[PDB]
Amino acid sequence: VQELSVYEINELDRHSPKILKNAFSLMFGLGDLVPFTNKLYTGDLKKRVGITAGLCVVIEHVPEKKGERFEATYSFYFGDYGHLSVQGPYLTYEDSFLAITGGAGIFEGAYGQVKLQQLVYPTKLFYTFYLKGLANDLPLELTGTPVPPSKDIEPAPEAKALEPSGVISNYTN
């Protein structure tokens, strides 16, 4: 198992999330669909790597936990390294595990599961991929000690500003 951590951050500049409201209730419900796309940074918050991209399908409102259950299908883009694909539960109200369905580039053959940690709605999430099946060891620029997750985390000013020292080459946008 090779562990890989990343932060997903919504910077309010990619028109995301887009809510397609089809359930008649004022709350989320079955029928509602949410395409989305956020920014992706290294687990140490030092570099911009790319984006997340996909779709959340609303399954049910959970009024007792003041939250929503989604079923999610989406990918994680790492510039020229390639991508990882996932499929599973996305709960606004608690942490979950999603299936790693595959990948490409350095992530060709990837399998296992990924932990998703909800930090701040709708702006900050943290992930740890428990990666099996890769052909090589992950590149060192992706495997720095992660910053421990909290509501207060922020990307390095260099990474937010897209300075040469704060991005990977051909990071996805």
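The term rigid core refers to the maximal set of C-alpha atoms that superpose within 1.5 Å between the two forms. Sequential numbering from 1, following the sequence displayed.
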Out of 105 to 113 and 119 to 127, which one drifts farther from the shown form in 6 other deposited structures of this protein in terms of CA positions, with the fit done on the rigid core? 119 to 127
Segment of greater CA departure in 6 other deposited structures of this protein, 42 to 50 or 22 to 30, core superposed: 22 to 30
Of 138 to 146 and 64 to 72, the stretch with the higher mean C-alpha B-factor in the deposited entry is 138 to 146
Give the stretch, out of 11 to 19 and 161 to 169, with the larger mean C-alpha temperature factor in the deposited entry. 161 to 169
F36: CA temperature factor from the record, placed by chain third, in the lowest
Going by the CA temperature factor in the PDB record, which third of the chain does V1 belong to: lowest, middle or highest? highest
Chain-relative C-alpha B factor for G43 (record values, thirds): the middle
Per the entry's values, where does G29 land by CA temperature factor relative to the rest of its chain, in the lowest, middle or highest third? lowest
Sorting the chain's modelled residues by C-alpha B-factor, tell me whether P122 ends up in the lowest, middle or highest third. highest
